[PDB]
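Single chain ahead, written as structure tokens, the form deposited in one PDB entry.
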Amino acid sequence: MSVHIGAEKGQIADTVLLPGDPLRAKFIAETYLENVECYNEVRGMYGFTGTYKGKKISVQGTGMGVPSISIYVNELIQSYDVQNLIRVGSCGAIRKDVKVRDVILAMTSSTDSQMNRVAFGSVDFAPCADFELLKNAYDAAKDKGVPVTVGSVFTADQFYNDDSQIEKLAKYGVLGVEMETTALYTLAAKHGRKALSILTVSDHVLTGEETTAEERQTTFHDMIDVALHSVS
């Protein structure tokens, strides 16, 4: 019904989790939700709806980069009237004080995408998490004792950047680099919806060290748990 999502009216829940990898969308749905339906296979960018403790929850792959997620966020909001949009992904830590097991909640994101300069010109637009979701996610992490850090991230257009400024960004307190948050937070606010990015650490970019498969399995699972207690 919308150009990129093959779902009919009603198949998509009010609350959508937004991994980048459509195979993580599948994984998440199969593993966390009951009564799972796949409402979309267009471009292999899987989307699913199921229930979690009796409440409908969709999970939708976004792809990588601002332009890709923008497509999905726009259609979810405009065509399916989605209300709560929660990115669940990873980022490369760019400070030593950001630990491999920390679950990051982005208040805001910096970017080298031109998307906001296209709309505002000489204004630096700072995108903003919905506080209600942020606080809930934070409270849920605390209540369970999941280590959680709250700050900003950098939304990059180039995974491989020869002109990378992450070193300067780190000195300004920025926590990590990823490629979607700016778009999510900007598009959700523009349409009066609620958005939050929750992120795990894929690696430390300035030391090059990977997080281990085990560490990744655990922070991933913590991230999903926190996500599922962020609405209300």
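Take the two forms, find the largest set of C-alpha atoms that superpose within 1.5 Å, and that set is the rigid core. The first residue of the sequence shown is number 1, and the count goes up from there.
Omitted here: the form deposited in another entry. The next part is about that form.
Relative to the superposed rigid core, the position of the CA of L23 differs between the shown form and the other one by less than 2 Å. Core-aligned CA deviation for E215 between the shown form and the other one: 2 Å or greater. Compared with the form shown, the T219-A106 C-alpha separation increases in the other entry, the change being 3 Å or greater. Compared with the form shown here, the Cα atoms of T212 and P147 move at least 3 Å farther apart in the other entry.
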